[PDB]
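> Show me how the following folds:
(5 chains, ligands or ions: 2)
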Amino acid sequence: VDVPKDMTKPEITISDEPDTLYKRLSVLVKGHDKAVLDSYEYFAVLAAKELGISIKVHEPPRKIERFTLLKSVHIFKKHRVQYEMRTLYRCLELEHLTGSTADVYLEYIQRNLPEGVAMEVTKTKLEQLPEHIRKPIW
Amino acid sequence: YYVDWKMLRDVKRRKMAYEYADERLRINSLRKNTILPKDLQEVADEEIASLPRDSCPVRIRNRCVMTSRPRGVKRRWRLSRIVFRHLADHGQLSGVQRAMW
Amino acid sequence: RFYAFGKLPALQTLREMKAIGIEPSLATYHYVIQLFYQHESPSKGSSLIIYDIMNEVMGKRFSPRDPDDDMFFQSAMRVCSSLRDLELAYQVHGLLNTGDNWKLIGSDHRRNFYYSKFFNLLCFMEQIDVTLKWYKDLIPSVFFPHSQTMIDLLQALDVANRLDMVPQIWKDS
Amino acid sequence: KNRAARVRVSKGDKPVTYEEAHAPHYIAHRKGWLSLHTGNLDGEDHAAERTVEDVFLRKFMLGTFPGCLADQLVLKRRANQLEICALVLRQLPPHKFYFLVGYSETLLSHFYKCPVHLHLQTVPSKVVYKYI
Amino acid sequence: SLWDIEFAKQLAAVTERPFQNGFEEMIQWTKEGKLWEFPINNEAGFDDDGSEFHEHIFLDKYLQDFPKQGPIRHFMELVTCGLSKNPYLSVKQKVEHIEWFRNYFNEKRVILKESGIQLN
Ligand SMILES: [Mg+2]
Ligand SMILES: [Mg+2]
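Residues are numbered from 1 along each chain as shown, chains lettered A, B, ... in the order given. Ligands and ions are numbered 1, 2, ... in the order given. Coordinates below:
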């Protein structure tokens, strides 16, 4: 029943500057357990479909790092214990994005990063040409 | 308290070695160079062998950080093999697990 | 603090600042409602003046930036409890929730006064459909029932003949 | 016989938590990780720091809430903040619990220079998975 | 003005509620500086003295005082080139290296003259 009235106050400004264009934006999520990466993938895709961001998602091969230690405190070298660390990946590949849209989508996505996962963001941005190269010659 | 006197020694060593890093580097520049004359290099030689002996890095040991064990250490966690296993086997090391394959 | 009829010079002051461009603080309006209340008890016209001053005050979004402001939203709602007028309480609430609700009430005691009185109005003045509704929203969630809000639920179910909600209100109480 | 992190079979009366009833070879199979952080992943850094931090947190918490700690701690690290989550026996009056919540969160926040959250879940008696 | 500060404090006191949500906690924390800024940029907090890449790459300016044709140019152009590739150091620090060399060579004139090359 009880509804707070007039609850919204967003603050946005438009600078005259030519906002940066991103040809492609790759987001690589590393994690330990698969399921979390699947849930995250679902969430990310859903979040992009709602912003009309047009993304693809593929899965890069998993890396398993193994190593050995001695099983005993003192001396039996013949006996060992082997440990693993498995790193699993998702790749979210977004295309034809703008600067603002990128900053929002990335803000939202990054906030919601689960605790056992990491993320790498490769932005390939579009720039026309530098000034001194345009068509001068020395 | 560092767990052992040895560990104490090591802490000191890392401090000194941090302090004189700049001097040592600057001098070993001269020392390692073919371009400069030998007469500069012999003086520079006595120069770097003048420096306090506990300032040189080869005298450092990576020790287990909790238990002070001098070897059987895994560099990544700075942990003795024994303490490492003890943490991992209670599952307090994230993403570490026994290995079957 | 001196004359209860010293609201007429003060009222003049209330117009005076409005000439020079400075938007009247919630502290100003509070003191206004204080003397206007002291003169509201015997005479119910000054009440209508508080209610209309408030009526102009409430179409607006606040910036509670001055020192004394708490007792405004204290006494703005306080009058509706004595005079038993619910519409202007809906208005005080629409005012509260607007600019920053949280920043508009200073203390917890002065906070529970608000709900004691407001729910006092809601219970008897409104249909059971509305009272039962705002009940579950306000009582466990925000601020907890005193004796005054306790007796009100009791008198609200005697008049509307509701025997169904007795076990619930008892277990909550 | 492997002994590591095991709770041996007694005469059959021994109460055992879900955690304690599972030997290390069950990690990532049945029981999960008592900590979560980015450090042990393939390309990542400062694993060592987070390990030491972890050890100190278990010790600290165990001493700050004497006798009321039910099971081992859960440490979630997310984007520079650590949420500690604990199972607590009801021993203390809620006064002592809130006092220690606030005291801790502030203390550790100033120690490790990051925001620290503390989440208490309260339990009548040690949850029992097995024997008993 | 202490009175303006106690006024801003008395105002901020009526203004400040205990948090009504998580989002509030995060908002106050962010403004405070406790929380991180998003989307994350790792360079946040550190601008490196507002220096620009030419005060990094090109160290010629500090080789102005040094013998121009000698083996000292060889050595010092190597040191220079090294510092040119060094990310972990500030401009200030590189210059301090350069100057330590200035001072150390100008410390020993004697050994240099005797060495078989007259060196400035
Ligand atoms: Mg000892
Ligand atoms: Mg060695």
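> The helix or strand where residue A:97 lies and chain B, any residue contact?
In the assignment (DSSP states H and E), residue A:97 maps to strand A:80-98. Yes. Residues of strand A:80-98 are located near chain B by C-beta under 8 Å from any C-beta of the partner chain, namely A:81, A:82, A:83, A:84, A:85, A:86, A:87. For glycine as for every other residue, the C-beta is placed from the backbone atoms N, C-alpha and C.
> Determine the three-state secondary structure at residue A:68.
State at residue A:68, reduced to three classes by DSSP: H, G, I helix; E, B strand; the rest coil: strand.
> just to revisit the earlier point, please pick the buried ones from the residues of strand A:80-98 next to chain B.
When those are checked for burial by 16 or more other C-beta atoms under 10 Å in any protein chain shown, the buried set is A:81, A:83, A:84, A:85, A:86, A:87.
> interface residues of chain A facing chain C?
Within chain A, the residues that sit near chain C (C-beta under 8 Å from any C-beta) are A:1, A:2, A:3, A:4, A:5, A:6, A:7.
> 7 Å instead?
Residues of chain A lying close to chain C (C-beta under 7 Å from any C-beta of the partner chain) are A:1, A:2, A:4, A:5, A:6.
> of those, closest to chain B?
Lowest distance from chain B to the residues of chain A next to chain C (C-beta to the nearest C-beta) belongs to residue A:4, with 40.9 Å.
> Flag every residue of chain E that's near chain D.
Taking C-beta under 7 Å from any C-beta as the contact definition, chain E meets chain D at E:29, E:34, E:35, E:36.
> what ranges do the strands span in chain A?
For chain A, the strands defined by DSSP state E occupy A:21-31, A:55-58, A:63-70, A:80-98, A:118-126.
> and residue E:104, what does it touch?
Listed by C-beta atoms under 7 Å, 6 or more residues apart in numbering or on different chains, residue E:104 has no contact partners.
> Next, it: secondary structure please.
When classified by three-state DSSP, residue E:104 comes out as helix.
> try the one 4 residues further on
Counting by three-state DSSP, the backbone at residue E:108 sits in coil.
> how many other residues sit next to it?
Here the number of neighbours of residue E:108 (other C-beta atoms under 10 Å in any protein chain shown) works out to 16.
> Kindly report the same for residue D:89.
15.
> same deal with residue C:116?
Burial of residue C:116 is recorded as 18 neighbouring residues (other C-beta under 10 Å).
> Which residues of chain D lie near chain A?
D:36, D:37, D:38, D:40, D:41, D:42, D:44, D:76, D:77, D:78, D:79.
> Just the buried positions in stretch D:87-96, please.
For stretch D:87-96, burial by neighbour count (16+ other C-beta under 10 Å) applies to D:87, D:88, D:92.
> Would you quantify the distance from the second one to residue D:22?
What it means is residue D:88. Distance of residue D:88 to residue D:22, given as C-beta to C-beta, to the nearest Å: 22 Å.
> Name the nearest residue to the residue of chain E found nearest chain A, ignoring sequence neighbours.
Going by C-beta to the nearest C-beta, chain A is nearest to residue E:39 of chain E, at 3.8 Å. Excluding the flanking residues, the one nearest residue E:39 by C-beta to C-beta, 6 or more residues apart in numbering or on different chains is residue A:106, at 3.8 Å.
> Settle this for me: the one you found is touching residue E:40, isn't it.
No. Using C-beta atoms under 7 Å, residue A:106 makes no contact with residue E:40, being 8.3 Å away.
> and the two? which has more neighbours close in?
Set residue A:106 next to residue E:40 and count neighbours by other C-beta under 10 Å: residue A:106 wins out with 20 against 16.
> Tell me which stretches of chain D form helices.
Taking DSSP state H as the criterion, chain D contains helices spanning D:47-64, D:94-112.
> same check, this time on chain E
In chain E, helices defined by DSSP H lie at E:2-15, E:22-32, E:54-57, E:71-84, E:91-105, E:110-114, listed in chain order.
> Pick the most deeply packed of the helices of chain D.
helix D:47-64 (a mean of 17; mean count of other C-beta atoms under 10 Å in any protein chain shown).
> and it, what does it pack onto?
Applying 3 or more C-beta pairs under 7 Å, 6 or more residues apart in numbering or on different chains; DSSP states H and E, we find helix D:47-64 packed against strand D:81-89, helix D:94-112.
> tell me the angle of it relative to helix D:94-112?
For helix D:47-64 against helix D:94-112, the angle by axes from the mean of the first three to the mean of the last three C-alpha atoms, to 10 degrees is 150 degrees.
> quick one: stretch A:20-38 to chain centroid distance?
Put simply, stretch A:20-38 sits 4 Å off its chain's centre (C-alpha atoms, centre = their mean, to the nearest Å).
> hmm, back to that, tabulate the helices of chain E in JSON lines, adding columns for distance to residue C:54.
Converted to JSON lines, the helices of chain E look like this (distance: least, C-beta to C-beta, whole Å):
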{"stretch": "helix E:2-15", "distance to residue C:54": "20"}
{"stretch": "helix E:22-32", "distance to residue C:54": "28"}
{"stretch": "helix E:54-57", "distance to residue C:54": "63"}
{"stretch": "helix E:71-84", "distance to residue C:54": "72"}
{"stretch": "helix E:91-105", "distance to residue C:54": "63"}
{"stretch": "helix E:110-114", "distance to residue C:54": "91"}
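> Could you point out which of those sits nearest residue C:118?
The closest of those to residue C:118 is helix E:2-15. By C-beta to C-beta, the value is 20.3 Å.
> Quick check: the gap between residue C:139 and chain E.
Separation of residue C:139 from chain E (C-beta to the nearest C-beta, to the nearest Å): 18 Å.
> Quick check: that residue touching residue C:152?
No. Look at residue C:139 against residue C:152 with C-beta under 7 Å: they stay out of range, at 11.3 Å.
> Looking at the chain, which helix is longest?
Because you didn't say which chain, this covers chain A. Assigned via DSSP H, chain A shows its longest helix as helix A:34-50.
> I was after chain B.
Ranked by number of residues, the top helix in chain B under DSSP H is helix B:5-19.
> The lengthiest helix in chain C packs against which elements?
Assignment by DSSP H gives helix C:108-125 as the longest helix of chain C. If you count contacts as 3+ C-beta pairs under 7 Å, 6+ apart, helix C:108-125 packs onto helix C:70-83, helix C:128-138, helix C:147-159.
> re the thing from before, dump the helices and strands packed on helix D:47-64 to CSV, plus distance to residue C:77.
Below are the helices and strands packed on helix D:47-64 laid out as CSV (distance: least, C-beta to C-beta, whole Å):
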stretch, distance to residue C:77
strand D:81-89, 39
helix D:94-112, 31
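> Many thanks, have a good one.
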